[PDB]
Amino acid sequence: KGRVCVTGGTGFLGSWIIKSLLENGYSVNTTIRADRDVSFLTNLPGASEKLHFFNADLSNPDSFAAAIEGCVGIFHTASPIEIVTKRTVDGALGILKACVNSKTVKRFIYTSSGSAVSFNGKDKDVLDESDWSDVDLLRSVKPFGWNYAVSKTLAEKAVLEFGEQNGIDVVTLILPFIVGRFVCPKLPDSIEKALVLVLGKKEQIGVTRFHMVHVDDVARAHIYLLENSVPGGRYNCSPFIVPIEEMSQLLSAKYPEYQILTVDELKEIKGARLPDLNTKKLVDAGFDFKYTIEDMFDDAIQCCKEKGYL
């Protein structure tokens, strides 16, 4: 169905997207972050004939020339981590600049984050694509995770602006906690946090209401937006909003083998109640989510058990 260039190939999301692309008939070009061993990628079905690796540096557009040559799509899932701002903007724009005047790329999809919309200074429990985090507020108030939030906010804004000024069909996906099975060598942070009730202790509880999405639905959304000419722009991809209390009820019933804090034990639990990132825009565009909240937790749990994290 064509060749797609995926950055951050060895990362949790990037590697899953490569797996998905290969399963769906696409060929894949990928750039990765140095740490050695990409066996978990080269062993993926179809990789020995359709997966190709390329050296590149996020800040040098020309270093991406070969990697995007002949590609129908570019999925930019990688990030670098006045000087910090430069590294952030340069890393987000590097491969996008390389895409200028491409004779084949039909869609450039940038991976964003809920951190780019959740720190807006207002107490709104439901957000949409018009909402943005306040960088000035983040830098002055400095809430937990402000550095990452500033990075994501500035990067997404730069991508949208550059795309508009250079006629590139850009789509950005605002992603919440991404959870599911994984093929990468380390336990993804988002999964470790999402499984706090079965993997961690009460002392590790921070977030008490999670916006979430199944990793395979994220891969499916990328392919959908690449194949369907719906409007470019921002799209929340966050079908679930899960209070930790509901999380407890679900996990306690489905996994009685684990010692899980009960709703009663969670009473008056203090923490961050994240906003629901309304995903109506993406659904209105025709995309259909395939997985349920139960599927998401089960895939993550079974994968963790298989790999020794549970």
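Attention here is on the structure that accompanies the text. (Residues numbered from 1 in each chain as written, not as in the entry; some residues may be left out. Heavy atoms only, no water.)

1. A word on the overall build of the protein chain
Thinking step 1. Of regular secondary structure, the protein chain possesses 13 helices and 13 strands.
Thinking step 2. In terms of C-alpha radius of gyration, the protein chain reaches 19 Å, essentially the compact-globule figure of 19 Å for 310 residues.
Thinking step 3. Judged by the C-alpha coordinates and their principal axes, the protein chain covers about 60 × 45 × 40 Å.
Thinking step 4. Among the 310 residues that make up the protein chain, the fraction classed as buried is 52%.
Thinking step 5. For the protein chain, the accessible area works out to roughly 14600 Å², and carbon and sulfur atoms hold 48% of it. (Helix = DSSP H or I, 4+ residues; strand = E, 2+ residues; numbered from the N terminus. Rg over C-alpha atoms; globule rule 2.2 N^0.38 Å. Buried < 20%, exposed > 50% of the residue type's maximum accessible area, 1.4 Å probe, protein only. Areas by Shrake-Rupley, 256 points an atom, 1.4 Å probe, with all protein chains shown as cover.)

2. What about the environment of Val 242?
Thinking step 1. The topology assignment puts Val 242 in strand β11 (residues 240-243).
Thinking step 2. Among all residues touching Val 242, those that are not within four sequence positions of it are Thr 208, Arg 209, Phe 210, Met 212, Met 247 and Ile 293. (Contact = heavy atoms within 4.5 Å.)

3. As for the packing of aromatic side chains
Thinking step 1. The tally for this structure, following the rule as stated, stands at five aromatic pairs.
Thinking step 2. Note on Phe 287 and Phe 289: the rings are 4.9 Å apart at their centroids and 80° apart in plane angle, and the pair reads as edge-to-face.
Thinking step 3. The cationic tip of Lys 157 hangs over the ring face of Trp 132; the distance from NZ or CZ to the ring centre is 5.3 Å.
Thinking step 4. Seen from the ring of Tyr 235, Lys 281 lies directly overhead, with NZ or CZ sitting 4.6 Å from the centre. (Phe/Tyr/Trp six-rings, centres within 6.5 Å; stacked < 30°, edge-to-face > 60°. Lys NZ or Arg CZ within 6 Å of the ring centre and 35° of its normal.)

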